[PDB]
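This document opens with one chain alone, in structure tokens, the form deposited without the named molecule.
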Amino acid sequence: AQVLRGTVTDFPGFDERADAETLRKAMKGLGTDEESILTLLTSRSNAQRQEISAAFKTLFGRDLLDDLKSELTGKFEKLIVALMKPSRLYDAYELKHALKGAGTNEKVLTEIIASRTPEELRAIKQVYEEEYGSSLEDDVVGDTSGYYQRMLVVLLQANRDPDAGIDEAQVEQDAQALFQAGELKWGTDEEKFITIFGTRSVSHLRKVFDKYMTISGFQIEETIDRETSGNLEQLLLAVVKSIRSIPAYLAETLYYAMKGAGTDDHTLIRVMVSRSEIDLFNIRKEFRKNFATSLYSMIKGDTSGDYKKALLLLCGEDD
């Protein structure tokens, strides 16, 4: 399919001492030059941002991060601070920040654990432990319940079959189980639908989604309802949608985060930063295709200020 790319890449002919001085010049004295800051950081890669941060410290004896936290304000500050976080630690940080006793944010839990590949989930599990000194499963387990928690664990095991010629018997039989499960409202034999959804391979599972509607008339997603359903049905839907296309799922997330009154700035920030160098371009295409409107335009009509200016640049084009 389309090759996978972000909207941010290495700045060619990058100078971390020159960068560091531009940034210093933009904060030194009363006031701030927010346009210099947002225009520089937005067109430097995460790796480069970290390099500048280091040149900052060596040529001025100050911490780049703190200076930005005292110079900057609001949603704008939140966006730049996110941009500066090492890409290796970003996903674990967000997981960690969501797991909070009874205040736990399941939406974030669902969204990162359902759209990340095994390779990515394994790395997040290594990093999390290193940083917060505890394993991710234990924290998930301690702050979640029911088959929701059980399915989070199966997926965290980052262990789903590799692709191979499909076994067409297994597909019909597997489409059958899921049909019945839907009928009984996803609240019986969880152990059975759970092994199917988190262990079968992506190609096998795309065949199954196909058999299911032949053998049922509607698409799996129509048996779940993304507004009222529980934790578990919400996970089931994210999983089905991410199987079909990660960029299509992240594009929908961005859409419901702006769609309406206000904006879910947290969600908009978390998806734009995190995917800027992976698939933001692809998310842009799906978005446009599926919502009949460019992402660039929705952001432009939902945000304002330097917050808006930096997000339009990360977006980096009108589709």
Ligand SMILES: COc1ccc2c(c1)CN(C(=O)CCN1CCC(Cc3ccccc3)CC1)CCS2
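Definition used throughout: the rigid core is the maximal C-alpha set that superposes within 1.5 Å between two forms. The first residue of the shown sequence is 1; numbering continues from there.
The protein also exists as the form deposited with the named molecule bound; that form is not presented, and the subsequent description refers to it.
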Touches the named molecule in the deposited complex: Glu172 (any heavy atom, 4.5 Å):
no
My question is simply whether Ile243 lines the interface with the named molecule in the deposited complex - judged by any non-hydrogen atom within 4.5 Å.
yes
Can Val273 be called a contact residue for the named molecule in the deposited complex at 4.5 Å between heavy atoms?
no
In the deposited complex, does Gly146 come within 4.5 Å of the named molecule, counting heavy atoms only?
no
Tell me, which of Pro86, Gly142, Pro118, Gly230 has a heavy atom within 4.5 angstroms of the named molecule in the deposited complex?
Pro118
Listed residue that, although the named molecule is not shown, lies within 4.5 Å of it in the deposited complex (heavy atoms), from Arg206, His97, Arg226, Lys107
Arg206
Which single stretch, out of 209 to 217, 110 to 118, 128 to 136, 177 to 185, brings residue heavy atoms within 4.5 Å of the named molecule in the deposited complex?
110 to 118
Hey, after the core superposition between this form and the one not shown, which of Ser201, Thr117, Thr104, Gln157 has the C-alpha moving 2 angstroms or more?
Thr104
Any idea whether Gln149 and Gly101 get closer or farther by CA distance in the deposited complex, knowing it moves 3 angstroms or more?
farther
